[PDB]
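# Fold and contact review
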Amino acid sequence: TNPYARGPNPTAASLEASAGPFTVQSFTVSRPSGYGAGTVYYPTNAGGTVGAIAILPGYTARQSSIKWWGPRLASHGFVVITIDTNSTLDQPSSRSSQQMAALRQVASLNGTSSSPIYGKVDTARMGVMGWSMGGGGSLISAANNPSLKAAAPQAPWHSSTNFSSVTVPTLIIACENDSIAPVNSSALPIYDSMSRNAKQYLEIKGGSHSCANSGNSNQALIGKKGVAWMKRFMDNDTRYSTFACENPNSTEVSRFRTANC
């Protein structure tokens, strides 16, 4: 029996819904350590410790762009911290450090007196996500910290697309019509560079650069896929293998590739 398995056998329906089976509370971090600001989303009733996900924004962007992931992932049994960077003009290298500082503080707060997430977190099981330079940041976090269990960046952008070092299971969410980080020059070369890992490329039909952001019209598809990947690889949850590795069954997917899943 998997000690990390939480909640039920999943269905397409249970994963496409706005919330999973866990009730969600949030708090604002009082004193952010090594990042601008943060909101932590947590399950009140997961039935065991759960892994932590740190989510980065893009250049100029703030929590509001990536906020929708917080309650979506928390409700399936993860501790999620959505962050603001020290500056909106921070580069992917700095964004990565800041995302690792956010996981560091969530982990600390698991043992911190008066913390709402006291003993809620398994600090050995952590995940990284983020939009654009925040996605680049997540990939740099993955390369520098191979004990990370899962990564799921969206519309990723970095100055280099060579992430062949990454051994962390990586879902690349891309927007087909993205003109800020075009899939041809960013999302796809990044995906292809990775030889040593379980990996997937999920491209959103008609999608502009914000196709995976808060308020997007594909939260059924994108939510299901992000939750399925994080469950399969953070929890080693083989009940999520089909949802994690299979085609989405969505008319709103323009391209789908997976290897070693």
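Residues numbered from 1 in each chain as written, not as in the entry; some residues may be left out. Heavy atoms only, no water. Residues with missing side-chain atoms left out of burial classes, pairs and counts.

Listed as the method for this PDB entry is X-ray crystallography; the listed resolution is 2.00 Å.

The next point concerns helix 3 (residues 92-110). For helix 3, with 19 residues, the first-to-last C-alpha span of 27 Å sits near the 27 Å given by 1.5 Å per residue. Among the structural elements, strand 1 (24-28), strand 2 (37-43), strand 3 (50-56), strand 4 (79-84), strand 5 (121-130) and helix 4 (133-144) are those in contact with the buried residues of helix 3. (Helix = DSSP H or I, 4+ residues; strand = E, 2+ residues; numbered from the N terminus. Expected span 1.5 Å × (residues − 1). Contact = heavy atoms within 4.5 Å.)

Right, let's talk about the pattern of salt bridges for a bit. Two side chains with opposite charge may pair up if their charged atoms get near one another. Taken as a whole and assessed by the stated rule, the structure comprises five salt bridges. Between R125 and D122 there is a salt bridge whose closest N-O contact spans 2.8 Å. A salt bridge links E203 to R255, with the nearest nitrogen and oxygen atoms 2.7 Å apart. Residue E203 is located in strand 8 (residues 199-204), and its partner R255 is located in strand 9 (residues 253-259); the two are separated by 52 residues in the primary sequence. Exposure remark for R255: the relative accessible area of 33% places this residue in the partly exposed category. A network of salt bridges, in which partner residues are shared, links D122, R125 and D235. (Salt bridge = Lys/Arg side-chain N within 4 Å of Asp/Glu carboxyl O. Buried < 20%, exposed > 50% of the residue type's maximum accessible area, 1.4 Å probe, protein only.)

Throughout the structure, instances matching the rule amount to four aromatic pairs. One residue, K199, lies across the ring of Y191, its end atom 4.3 Å from the ring centre. A cation sits over an aromatic face here: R232 above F233, 4.7 Å from the ring centre. (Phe/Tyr/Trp six-rings, centres within 6.5 Å; stacked < 30°, edge-to-face > 60°. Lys NZ or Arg CZ within 6 Å of the ring centre and 35° of its normal.)

Let us look at the state of the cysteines. Following the criterion strictly, the structure yields two disulfides and no others. The disulfide partner of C175 is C211, and the S-S distance across this bridge is 2.0 Å. Torsion about the S-S bond of the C175 and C211 cystine: about -75°, corresponding to left-handed handedness. Here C175 is found in strand 7 (residues 170-175), whereas its partner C211 is found in the loop between strand 8 and helix 6 (219-234), with 36 residues between them in sequence. Like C175, the residue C211 is buried in the burial classification. Sequence-ordered numbering of the bonded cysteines in the protein yields a pairing of 1-2, 3-4. (Disulfide = S-S within 2.5 Å.)

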